[PDB]
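Take a look at the structure set out below.
Read-outs: derived from the displayed coordinates by stated rules, not from any lab. Positions of Cβ are generated from backbone atoms using ideal geometry, with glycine treated the same way; all protein chains shown enter the neighbour counts.
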Amino acid sequence: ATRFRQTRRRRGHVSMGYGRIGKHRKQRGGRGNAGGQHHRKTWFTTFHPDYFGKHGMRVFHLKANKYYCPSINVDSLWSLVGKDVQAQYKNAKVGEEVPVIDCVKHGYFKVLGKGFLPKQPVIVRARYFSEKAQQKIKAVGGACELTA
Amino acid sequence: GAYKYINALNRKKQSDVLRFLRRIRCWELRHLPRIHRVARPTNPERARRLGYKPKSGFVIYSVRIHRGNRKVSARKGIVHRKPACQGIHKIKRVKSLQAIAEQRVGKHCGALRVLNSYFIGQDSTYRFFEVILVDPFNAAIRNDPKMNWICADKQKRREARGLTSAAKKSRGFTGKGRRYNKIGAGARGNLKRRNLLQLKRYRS
Amino acid sequence: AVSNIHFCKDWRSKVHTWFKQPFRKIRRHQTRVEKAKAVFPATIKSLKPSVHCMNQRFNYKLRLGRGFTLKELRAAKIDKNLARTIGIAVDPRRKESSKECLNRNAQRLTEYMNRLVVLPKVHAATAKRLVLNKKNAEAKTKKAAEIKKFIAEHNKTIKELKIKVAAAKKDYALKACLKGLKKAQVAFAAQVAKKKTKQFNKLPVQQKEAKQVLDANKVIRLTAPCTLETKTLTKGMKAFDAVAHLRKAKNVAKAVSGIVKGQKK
Amino acid sequence: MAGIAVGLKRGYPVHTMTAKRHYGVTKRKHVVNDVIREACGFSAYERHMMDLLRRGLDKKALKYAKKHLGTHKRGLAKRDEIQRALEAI
Amino acid sequence: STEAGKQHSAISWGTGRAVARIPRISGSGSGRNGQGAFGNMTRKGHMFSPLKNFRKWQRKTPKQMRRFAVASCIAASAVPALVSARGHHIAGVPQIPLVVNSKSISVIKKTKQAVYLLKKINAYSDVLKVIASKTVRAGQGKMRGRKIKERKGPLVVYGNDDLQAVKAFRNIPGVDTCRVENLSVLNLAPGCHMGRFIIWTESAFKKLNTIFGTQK
RNA sequence: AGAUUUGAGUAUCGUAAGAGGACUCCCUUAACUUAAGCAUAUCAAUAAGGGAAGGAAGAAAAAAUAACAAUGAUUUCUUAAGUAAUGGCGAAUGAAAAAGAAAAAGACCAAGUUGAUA
RNA sequence: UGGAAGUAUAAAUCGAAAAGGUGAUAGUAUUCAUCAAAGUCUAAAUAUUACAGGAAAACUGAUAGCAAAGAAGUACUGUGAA
RNA sequence: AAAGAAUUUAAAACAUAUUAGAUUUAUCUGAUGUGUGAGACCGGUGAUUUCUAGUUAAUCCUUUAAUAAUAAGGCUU
């Protein structure tokens, strides 16, 4: 909306809001990230203190698909099936049917242990598990299943 | 078959028998005109492999080219350039001498179509090739379904556009895969596609 | 934020505008329509396999492939030369990936073959295939009796047991029936092992009203719909340690280096 | 229930299914190889090898091949073929 | 044009000639020589930053917020105070959510019958106001073909089974028809004023619950 | 004298040239500019110069990916992605497999075999 | 070249094979995987600001819009490119 | 020493054994068996993981199909 710009409120003022002493010239210290170590050093130091240098090892052709591993905590497991299914099997135990919360079908490969689980048995099937995730699942009375 | 021994023989170019024949052939070509017609290929095995057929409309032309590397065509070796472009020697042509020689035969013989070319010999100064050419307006070539593809209009001056095997190799079409990322379907066309800034009709 | 804009080259001649986008839709649609008019199952988008995706990130999803392998055509009893002419894609380049891939794509071709109807190569009713199918009709009816009757004897035990388990789950919503069916299934499989079939089945060729369908990959669904899975929680699963099994697998592979160094010293 | 994603025995339990075809020559290639050898002889760089192998300097012969062929494996094969023809004469 | 005003070989004459430093046309023999050049303050030069055809013409809106506004635009059509305030003569209409029989619509095939239906339900007060107050445009827009400027009348919203009665209503001045599924703010709130006088058919009205659902 | 090989002149029937080059395939070692100087770098397959074609051209049927519950010619679009990487590691430059679609199609030479051989 | 102990091309020298290439950190070895180079053609989906014929426009309205709304690349200038 | 059924019918690589047709060469080319490579246990076997005490080995991370000795790259000073 060019009628709402500041140019329409500065029609009449000579300098168009840029000053009389310090004019509005072409450059204000270079073109781009110029002077990263000379006259803009106090800027890079202040706001990007690790901009210059090297760190870590080079990966010549990284495989970003190999680091793909979506994760879900234990407190978010029962949402994968719903609160209505959870209440249906609330009073189950060992011996009768218990819902299987598979996570690969929903797109989660690893299960982590954070938060709390409802005090019901459950069968959690996933590719990877955490040490504290399996404790919380087994303490509630459930099982851990691997995949792939 | 006769040609399974000629092919095996021709790979022994360092042998005395083949070095003698190459020595005599290069002497004769050093005195005949630069581009001239020979009756039959001196390497009938290699000519047949590249596409030569002993039928009407197939002709063979010998071209002699001065190998080595030339200087940058700057007067008195003076170029007004930054030191990153001031070299005069050691700059190699991108097109192989085979593709360079094919164009000269094609320009000289503008009414024919260049099929392919193969290597004959070389000396301290020259390198000699033989070029397979086809007459596209011969009735035999037109009426043969397996070879009448040469009669298409886009085959006019095949080697100049870069369609012959010698010329296509200089374009980068020697293989496939991640080694040839920049020469997918043409280096310049591939470069333009990667540099396109697509501005969709509805964009954020 | 340190800006990273690659506009220092000539971007103005690099700009591609999509003003032709609303007109590409009309153009492609009109050609799709015209293709079906010309020869209708040419746009049928010839049937394609159900291949998995690559990498562990995608391997649990099925997707349409390109052409069935020559082993999948033999398993489904289809001539590879006739396959390309009845809207089946063929890919001799693909090597078979697994037995399960071979089985899954074998039923994909079998299901397609039953649905397929091939019109005669000559419309006139005196075409050979129409004449032959009338000539050998009495032999087919005689053959059909043997196939029907000796199918009806081999599946007597399996069919009866399969009814029991179906009703057992109905009343329960069981253990005894499942053991019975499992024990029967082993014996049937072991009986088949202890054997020469048709090389090629017949092409279904008949005269019918032309109901034209624009594709076959949307008719034969890749995967069956998914539902909630529930299992019987037993003492065995309650004590299985998944973390210990993962660290054992990780450490065993990392221990193959020390094994090789130990021998060479 | 569904293997494991780590280790040597990693992967979904399935039945993987390809023939390791061998690209080679026939029995007649012996004749063509020998006939061409008589009609041609040995290159300049092969003959120098044949002298070194005669003197028993096998390591120096391999170093000479590696220079003129550019591969350790191709140099080994050339050093084998040259010494095989040495025992023929 | 991307080469408009920049089609000269002009360079500045420098200083020392008692003329400004703006670039000047080269050569002699015409009055054009020695004149101004590319600069936007000069005559026959390029303007300020020339307009480029790759601007952002079309805009993007989230789909849910597009549907939020349509429901608010449909809901406002049932308020006679807002429908009248938009400029619609709805004094004589029986009910403000005017719904007509689907059997009556199915027999409409001519514009004489479509007009008859509009008169019966007292909707012709709006149709006649557009007819009586049609005028001509005021400005340069007439050179571009936009001459006649008409007002807005009733909107006829039909269903899938009322596809043959569209041809009857389309020639009536200031009567725009639409389908119940293809509704948008461009019909329901023309000029960004809400409360269009909508005439529903039986099928479209009975489909509104399927299309939009309820608050539960 | 005869049988061939090679190279010419002439006659007949044809073929190339010139225009255009917006888009297509290539050759060539520009510089202004940026880096607050500047010398590698950037501008930049960019400008100019040169050649060749069509209604499209180029590419096209794996000496290809991948390390998987695996794929499968070429082309184009979405995403990966301003990412891996490159760089006075400065300014800056900068992909591809996977995955989602448009369209889909495979065929021949040479080598080998058959020779009362055609 | 993004390709980093060399991604591609070319030149000088060298130059294979009872085959072999690739798995981007150079090297040797043993396995594994996947292909089988050094000849040719191939529609469809894609591009287009030459030029021609049409249709549209929140475009300009005679110092604007093409340089050109009239016998406009015309009148006029230069030896000439222009 | 204490806790553990382990998932379910369409198969090619050929290490091989045995024959058939040819070859002399750094010799091969077809087909028939077998195991490999197989996986459906009947409260109890137990494949499998854990714990303790020894003993042998390997141990800072990476070179992305797996290892090895050189080499190179990481991290801290």
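Scanning segment E:20-29 for residues that are within 23 Å of E:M47 (Cβ to Cβ) and surrounded by fewer than 15 Cβ atoms within 10 Å (Cβ to Cβ), which turns out farthest from RNA strand F (Cβ to nearest atom)?
E:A20
Go through segment A:8-34 and give me each residue that's more than 27 Å from A:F44 (Cβ to Cβ), assigned to a loop (DSSP other than H, G, I, E, B) and either within 16 Å of RNA strand H (Cβ to nearest atom) or not hydrophobic (A, V, I, L, M, F, W, C) (or both).
Matches in segment A:8-34: A:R8, A:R9, A:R10, A:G12, A:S15, A:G17, A:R20.
I'm checking my understanding of the structure. Among residues of segment C:1-32 that are over 45 Å from the mean Cα position of the chain (by Cα) and among the polar types (S, T, N, Q), which one is nearest to E:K56 (Cα to Cα)?
Out of the qualifying residues, it is C:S13.
Determine whether B:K76 is within 14 Å of chain D (Cβ to nearest Cβ), of a type outside the set (S, T, Y) and either more than 21 Å from the chain's Cα centre (by Cα) or in a loop (DSSP other than H, G, I, E, B) (or both).
no
Can you report the number of residues in segment D:20-43 which are loosely packed, with under 13 Cβ neighbours inside 10 Å and near RNA strand G (Cβ under 9 Å from one of its atoms)?
So the answer is 11.
Look at C:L214 and say whether it is touching a strand residue (DSSP E or B) at 6+ places or on another chain (Cβ under 9 Å), of a type in the set (A, V, I, L, M, F, W, C), assigned to a loop (DSSP other than H, G, I, E, B) and more than 30 Å from A:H106 (Cα to Cα).
no
Output the residue which, of all residues in segment D:51-80 that are within 14 Å of another protein chain (Cβ to nearest Cβ) and more than 16 Å from RNA strand F (Cβ to nearest atom), is nearest to the chain's Cα centre (by Cα).
D:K78
Being away from RNA strand F (no atom under 13 Å from the Cβ) and surrounded by 16 or more Cβ atoms within 10 Å (Cβ to Cβ), is that true of even one residue in segment B:36-55?
no
For segment B:107-120, indicate whether the set of residues that are near RNA strand F (Cβ under 8 Å from one of its atoms), away from chain D (no Cβ under 14 Å) and part of a helix (DSSP H, G or I) is non-empty.
Scanning segment B:107-120, I find at least one residue that is near RNA strand F (Cβ under 8 Å from one of its atoms), away from chain D (no Cβ under 14 Å) and part of a helix (DSSP H, G or I), so the answer is yes.
From C:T227, C:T197, C:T223, which residue is loosely packed, with under 11 Cβ neighbours inside 10 Å, more than 14 Å from chain D (Cβ to nearest Cβ), of a type in the set (S, T, Y) and more than 30 Å from C:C53 (Cα to Cα)?
C:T197
Have a look at D:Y45, D:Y23 and point out the one that is part of a loop (DSSP other than H, G, I, E, B) and either away from chain C (no Cβ under 14 Å) or touching a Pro at 6+ places or on another chain (Cβ under 9 Å) (or both).
D:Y23
Considering only segment A:35-66, state which residues are away from RNA strand G (no atom under 16 Å from the Cβ), part of a loop (DSSP other than H, G, I, E, B) and within 12 Å of chain C (Cβ to nearest Cβ).
A:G36, A:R40, A:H48, A:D50, A:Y51, A:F52
Would segment A:92-104 turn up any residue that is in contact with a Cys (Cβ under 6 Å, 6 or more places away or on another chain) and under 30 Å from C:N55 (Cα atoms)?
no
Is it the case that A:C103 is surrounded by 11 or more Cβ atoms within 10 Å (Cβ to Cβ) and within 16 Å of RNA strand H (Cβ to nearest atom)?
no
Out of (1) more than 14 Å from RNA strand G (Cβ to nearest atom); (2) of a type in the set (S, T, N, Q); (3) in contact with a strand residue (DSSP E or B) (Cβ under 9 Å, 6 or more places away or on another chain), what's the single condition that is false for B:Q98?
Exception for B:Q98: condition (1).
Starting from residues that are outside any loop (DSSP other than H, G, I, E, B) and either within 23 Å of the chain's Cα centre (by Cα) or surrounded by fewer than 11 Cβ atoms within 10 Å (Cβ to Cβ) (or both), keep the ones in segment B:7-22 and report whichever is farthest from the other protein chains (Cβ to nearest Cβ).
In this case the residue turns out to be B:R22.
Quick one: in segment D:9-29, of everything that is more than 10 Å from RNA strand F (Cβ to nearest atom) and of a type in the set (A, V, I, L, M), which residue is farthest from C:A253 (Cα to Cα)?
D:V25
In the list C:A190, C:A249, C:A253, C:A239, which residue meets the criterion of being more than 9 Å from every other protein chain (Cβ to nearest Cβ) and out of contact with any helix residue (DSSP H, G or I) (no Cβ under 8 Å at 6 or more places or on another chain)?
C:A190
Considering only residues of segment C:57-101 that are loosely packed, with under 15 Cβ neighbours inside 10 Å and assigned to a loop (DSSP other than H, G, I, E, B), which is farthest from RNA strand G (Cβ to nearest atom)?
By that ranking, first place goes to C:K61.
Among the residues of segment D:74-89, how many are out of contact with any helix residue (DSSP H, G or I) (no Cβ under 8 Å at 6 or more places or on another chain) and more than 11 Å from RNA strand H (Cβ to nearest atom)?
Total meeting the criteria: 1.
Considering every residue within segment C:247-254, establish whether at least one is under 23 Å from A:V94 (Cα atoms), surrounded by 13 or more Cβ atoms within 10 Å (Cβ to Cβ), within 16 Å of RNA strand F (Cβ to nearest atom) and within 35 Å of the chain's Cα centre (by Cα).
Within segment C:247-254, not a single residue is under 23 Å from A:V94 (Cα atoms), surrounded by 13 or more Cβ atoms within 10 Å (Cβ to Cβ), within 16 Å of RNA strand F (Cβ to nearest atom) and within 35 Å of the chain's Cα centre (by Cα).
Conditions first: (1) in a helix (DSSP H, G or I); (2) under 26 Å from E:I74 (Cβ atoms); (3) of a type in the set (S, T, N, Q). E:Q113 passes all but one, so which condition is the exception?
Of the numbered conditions (1) in a helix (DSSP H, G or I); (2) under 26 Å from E:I74 (Cβ atoms); (3) of a type in the set (S, T, N, Q), the odd one out for E:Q113 is (2).
So which residues in segment C:1-56 are under 28 Å from C:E96 (Cα atoms), polar (S, T, N, Q) and either within 14 Å of chain B (Cβ to nearest Cβ) or away from RNA strand H (no atom under 16 Å from the Cβ) (or both), if there are any at all?
C:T43, C:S46
Just to be sure I understand the filter: pairs with C-beta atoms under 6 Å, separated by 6 or more residues or on different chains, first member in segment E:176-187 and at negative phi, second member of a type in the set (G, A, S) and not in a loop (DSSP other than H, G, I, E, B). Which pairs pass?
Taking only residues 6 or more apart or on different chains, the pairs are E:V180/E:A204; E:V185/E:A69.
Does E:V93 meet the test of being surrounded by 14 or more Cβ atoms within 10 Å (Cβ to Cβ) and not in a loop (DSSP other than H, G, I, E, B)?
no
If a residue must be of a type in the set (A, V, I, L, M) and outside any helix (DSSP H, G or I), how many such residues does segment B:23-49 contain?
Of the residues in segment B:23-49, 4 are of a type in the set (A, V, I, L, M) and outside any helix (DSSP H, G or I).
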